[PDB]
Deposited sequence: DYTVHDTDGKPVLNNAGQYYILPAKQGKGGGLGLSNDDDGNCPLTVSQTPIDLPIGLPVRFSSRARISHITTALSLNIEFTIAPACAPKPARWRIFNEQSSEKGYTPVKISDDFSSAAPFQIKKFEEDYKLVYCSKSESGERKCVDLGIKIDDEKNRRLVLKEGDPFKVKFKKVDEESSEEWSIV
């Protein structure tokens, strides 16, 4: 499946800017950055509060020799607008020393740069979900749904409970 934005247009590969918005009416807005145990810089991918429903734009990047993204691609995801304190690129990652169990680890931004592209977009009813695919210390490949932890509500690995998302195009 080609991933479509809220205007029905294919989502670009390695170009343009998109908000990741909740697909369902809930207690927060689009994904942004907050400071969750990060020190001097907000590095944690989090829902914005409902009074500021727009977070930060992202760019989706795949090795795939195509101009648009499908639900088949391995992706990296980076915020295209980020605080000046933050690493470049502001690339999404999880911090877990190849743990066999990966759930409720928050998605953070990091410098770490490779062609390993652990995120994928999957269909979820009328809209989409995000998943994170990797192997553990045990060798097993798992793709785990990304969901919301309520505790700015954090984007975390959450196998039973995907955060339903849609994609709003900012710019090309």
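Gaps between the deposited sequence and the modelled structure occur at positions 1, 153-155, 177-185.
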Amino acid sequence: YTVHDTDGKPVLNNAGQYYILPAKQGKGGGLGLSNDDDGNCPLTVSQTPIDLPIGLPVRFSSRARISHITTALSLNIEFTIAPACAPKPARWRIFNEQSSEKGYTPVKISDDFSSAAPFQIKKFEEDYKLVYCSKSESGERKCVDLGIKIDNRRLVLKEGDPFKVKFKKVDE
From here on, numbers count along this sequence of modelled residues.
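The mean C-alpha temperature factor is higher for 32-40 when 32-40 and 111-119 are set side by side. Mean CA B-factor, 94-102 versus 75-83: the higher value falls on 94-102. The entry assigns its greatest Cα B factor, within the set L56, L146, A64, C133, to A64. Among all modelled residues in its chain, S46 ranks in the lowest third by Cα B-factor. Annotation for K142: C-alpha temperature factor in the highest third relative to the rest of the modelled chain, per the entry. In the deposited entry, the Cα temperature factor of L155 sits in the bottom third of values across the chain's modelled residues. Placement of the Cα temperature factor of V170 within the chain: highest third of the modelled residues, per the deposited record.
Among all modelled residues in this chain, the alpha-carbon of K27 has a temperature factor (C-alpha) in the highest third.
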